[PDB]
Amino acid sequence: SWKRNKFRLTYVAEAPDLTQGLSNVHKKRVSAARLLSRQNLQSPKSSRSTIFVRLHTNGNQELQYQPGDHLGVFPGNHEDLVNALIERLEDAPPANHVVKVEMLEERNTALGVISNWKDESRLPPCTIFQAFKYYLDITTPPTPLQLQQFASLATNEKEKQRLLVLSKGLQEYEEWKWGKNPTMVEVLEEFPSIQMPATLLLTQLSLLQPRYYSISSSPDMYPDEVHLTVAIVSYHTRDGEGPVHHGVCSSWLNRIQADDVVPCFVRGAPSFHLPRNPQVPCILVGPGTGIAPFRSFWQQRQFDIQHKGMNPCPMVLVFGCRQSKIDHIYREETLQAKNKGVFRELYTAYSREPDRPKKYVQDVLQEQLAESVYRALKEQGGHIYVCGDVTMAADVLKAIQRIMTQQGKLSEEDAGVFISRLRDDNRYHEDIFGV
């Protein structure tokens, strides 16, 4: 918690570089990758965007990965936002000097009570600008409790009262939060009478979390590179008259220039790797950006075939998107992979195709691949991988359970048990893109 005269900023001469600071803060080895290129994957006439990102690992062995793994990425908040926030600070040193945070530690029933300054040691030594851009979350709306604290900092009665109403965290708060999705700087601007101490924000804001992305490349096909498939998150606030808010990491990845440092790390996904046995059938289900890990899969299989002399069992891809002319990302690539024997068949379920009835990936599974799915999973030691949206994944599970009841001639209960065992045996895989 925070209180006046509890924290102070102190100038210091030494400071680690970004990747070291992040490593120290998050207690894990963060590495420095480089942006090689970025390309838009959807049609320019699309209302949305998905970008293809190519990163170079600088030959750093700590960034070794296998198809199916994830890459945690640390983005930077937008500078205009960082600058605007610093401008609303009450006692902020120029934001270009390296400082550390010290906290007045007081002790107990020690009869007189003894205070002692010492390093808080949350953030590493850095400038205020660097702290707000690379280490802290300045975008997540403040909690009712934070607004309560903000109320005691407002010098305008009317504003204090409003803040106090919101601090109740009920109807008024929900309306405010859900309608405005206010960033920290936005709150200070709505209530300009708030006297915001730099130390409060520097110690109370949460740490900026890394964002995970399913690696979209095979390490053999692209040595020293890591590819990502990123949906661009952008949204209108206040029903339309409010400003447009952009996802922090996706917008950052959409802004960086070639050579810019991208702090990241690999997080292995032991339960989302291709099978050790190349001869069993695999069915890949990944609509939209959910196709991401499967790009690493088809590149690896293509490489294994053409360079390792392997003859793996051809896989099946079940993709889905809105329209053939808008968001059918990686279309030509999957086509070429099929031509080289990686895939036996490709399927695409279009949901908003002009003059075409809506189709979801689960529809393809049930209407065109029911017997195939059943034979692969039950009789051929096969695997099924599902990647993407959480609701889609849940719906696909249901479709597979239905296939098991019909094709397998099982009761609801036993179909569920079978699927549960598939998960346990690591033959049913899920890569869900959670919030």
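Counting begins at 1, following the sequence as shown.
Just going by the entry, 309-317 versus 178-186 on mean CA temperature factor gives the higher value to 178-186. Just going by the entry, 134-142 versus 327-335 on mean CA temperature factor gives the higher value to 134-142.
Remark: of 214, 300, 289, 152, 152 shows the highest value [criterion: C-alpha B-factor in the PDB entry].
When the C-alpha B factors of 422, 22, 415, 9 are read from the deposited coordinates, the top value falls at 9.
In the deposited entry, the Cα temperature factor of residue 276 places it in the middle third of its chain's modelled residues. For residue 295, the recorded CA temperature factor ranks within the lowest third of the chain's modelled residues. Among all modelled residues in its chain, residue 380 ranks in the lowest third by Cα B-factor. Residue 391 sits in the lowest third of its chain by CA B factor, as recorded in the PDB entry. Ranked within its chain, residue 68 lands in the lowest third, by CA B factor from the PDB record.
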